[PDB]
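Architecture and fold: a report
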18 protein chains.
Amino acid sequence: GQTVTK
Amino acid sequence: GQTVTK
Amino acid sequence: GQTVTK
Amino acid sequence: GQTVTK
Amino acid sequence: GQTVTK
Amino acid sequence: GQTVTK
Amino acid sequence: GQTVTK
Amino acid sequence: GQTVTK
Amino acid sequence: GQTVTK
Amino acid sequence: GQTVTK
Amino acid sequence: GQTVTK
Amino acid sequence: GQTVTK
Amino acid sequence: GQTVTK
Amino acid sequence: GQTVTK
Amino acid sequence: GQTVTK
Amino acid sequence: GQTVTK
Amino acid sequence: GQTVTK
Amino acid sequence: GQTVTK
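One structure accompanies this document, and this report is about it.

Cut-off values and rules
Residues numbered from 1 in each chain as written, not as in the entry; some residues may be left out. Chains lettered and ligands numbered in written order. Heavy atoms only, no water. Pairing = 2+ DSSP bridges. Helix = DSSP H or I, 4+ residues; strand = E, 2+ residues; numbered from the N terminus. Axes fitted to C-alpha atoms, helices over the stretch in contact; angles between N-to-C directions. Contact = heavy atoms within 4.5 Å. Buried area = accessible area lost by both parts, 1.4 Å probe. Salt bridge = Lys/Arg side-chain N within 4 Å of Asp/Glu carboxyl O. Polar contact = N/O pair within 3.5 Å; in protein donor to acceptor, adjacent residues only side chain to side chain. Nonpolar A, V, L, I, M, F, W, Y, C, P; charged D, E, K, R; others polar. Buried < 20%, exposed > 50% of the residue type's maximum accessible area, 1.4 Å probe, protein only.

Comments concerning the sheet that holds strand β1 (residues 2–5) of chain P
Strands in a sheet are paired, the pairing made by backbone hydrogen bonds, and the direction either parallel or antiparallel. Pairing within the open sheet is parallel, and its 9 strands lie in the order β1(H)-β1(I)-β1(J)-β1(K)-β1(L)-β1(M)-β1(N)-β1(P)-β1(R). For this open sheet the edge positions go to β1 (2–5) of chain H together with β1 (2–5) of chain R, each flanked by a neighbour on one side alone. Recorded for the sheet is a direction-independent mean angle of 0° between the axes of neighbouring strands. Of the strand pairs in this sheet, strand β1 (residues 2–5) of chain J and strand β1 (residues 2–5) of chain K are connected by 4 bridges, and their pairing is parallel.

Right under this line is the structure:
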């Protein structure tokens, strides 16, 4: 998958 | 999947 | 799936 | 699915 | 499905 | 389905 | 279905 | 609000 | 709000 | 908010 | 917020 | 926030 | 935030 | 933040 | 997968 | 932050 | 995988 | 930070 967390 | 969390 | 959380 | 939460 | 919550 | 909640 | 709640 | 869609 | 979609 | 999508 | 997508 | 995607 | 993607 | 991706 | 955490 | 990717 | 943590 | 990639 593709994940960005901020 | 594709996930962005802010 | 595709998910954006803010 | 497609989900946006704000 | 498609969901937007605000 | 399609859902928008505000 | 299609649902909008405000 | 409170919403359930099925 | 509170939302469940299925 | 609180959101569950399925 | 709190979000679960499936 | 708290997010789980599956 | 807290994020789990699968 | 805390992130787990699988 | 692809993951960015900030 | 804390990150695990698999 | 590809991972960037900041 | 703390990172594990597999």
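Observations concerning the sheet that holds strand β1 (residues 2–5) of chain Q
Strand order in the open sheet made by the 9 strands is β1(G)-β1(F)-β1(E)-β1(D)-β1(C)-β1(B)-β1(A)-β1(O)-β1(Q), with parallel pairing throughout. Of all the strands in the sheet, the pair left with one neighbour each is β1 (2–5) of chain G together with β1 of chain Q. Averaged over all pairs of adjacent strands, the angle between their axes in this sheet comes to 0°, without regard to strand direction.

Re the interface of chain F and chain E
Listed by partner, the interface residues are 6 residues for chain F and 6 residues for chain E. Of the roughly 500 Å² buried between chain F and chain E on both sides combined, carbon and sulfur atoms contribute 40%. Counting across the chain F and chain E interface gives 0 salt bridges. There are 6 residue pairs in polar contact connecting chain F and chain E. Taken together, the residues of the side of chain F that touches chain E break down into 1 nonpolar, 4 polar and 1 charged.

With respect to the environment of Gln2(P)
Structurally, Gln2(P) is set in strand β1. Residue class for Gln2(P) comes out partly exposed when judged on its relative accessible area of 36%. Within the local environment of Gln2(P), its side chain forms a polar contact with the side chain of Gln2(R), the two groups lying 2.9 Å apart.

Brief notes about the arrangement of the chains
Regarding chain G and chain L, the two do not touch, and the least distance separating their C-alpha atoms is 23 Å. A gap remains between chain I and chain L, with no contact made and the closest C-alpha atoms lying 14 Å from each other.

Overview of the interface of chain B and chain A
Contacts between the two partners involve 6 residues from chain B, matched on the other side by 6 residues from chain A. Applying the counting rule to chain B against chain A returns 0 salt bridges. Its residues assigned to classes, the side of chain B that touches chain A shows 1 nonpolar, 4 polar and 1 charged.

Details of the environment of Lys6(E)
Mapped onto the fold, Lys6(E) is located in the segment after β1 (2–5). Exposure remark for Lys6(E): the relative accessible area of 49% places this residue in the partly exposed category. Excluding residues within four positions of it along the chain, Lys6(E) makes contact with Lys6(D), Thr5(F) and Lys6(F).

Details of the side chain of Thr5(D)
With respect to the secondary-structure elements, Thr5(D) resides in strand β1 (residues 2–5). Judged by its relative accessible area of 6%, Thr5(D) falls in the buried class. Looking at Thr5(D), its side chain comes within polar contact range of the side chain of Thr3(K), at 2.9 Å. Setting aside anything within four residues of it in sequence, one finds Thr5(D) in contact with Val4(C), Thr5(C), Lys6(C), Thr5(E), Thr3(J) and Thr3(K).

In short, geometric facts, not functional conclusions.
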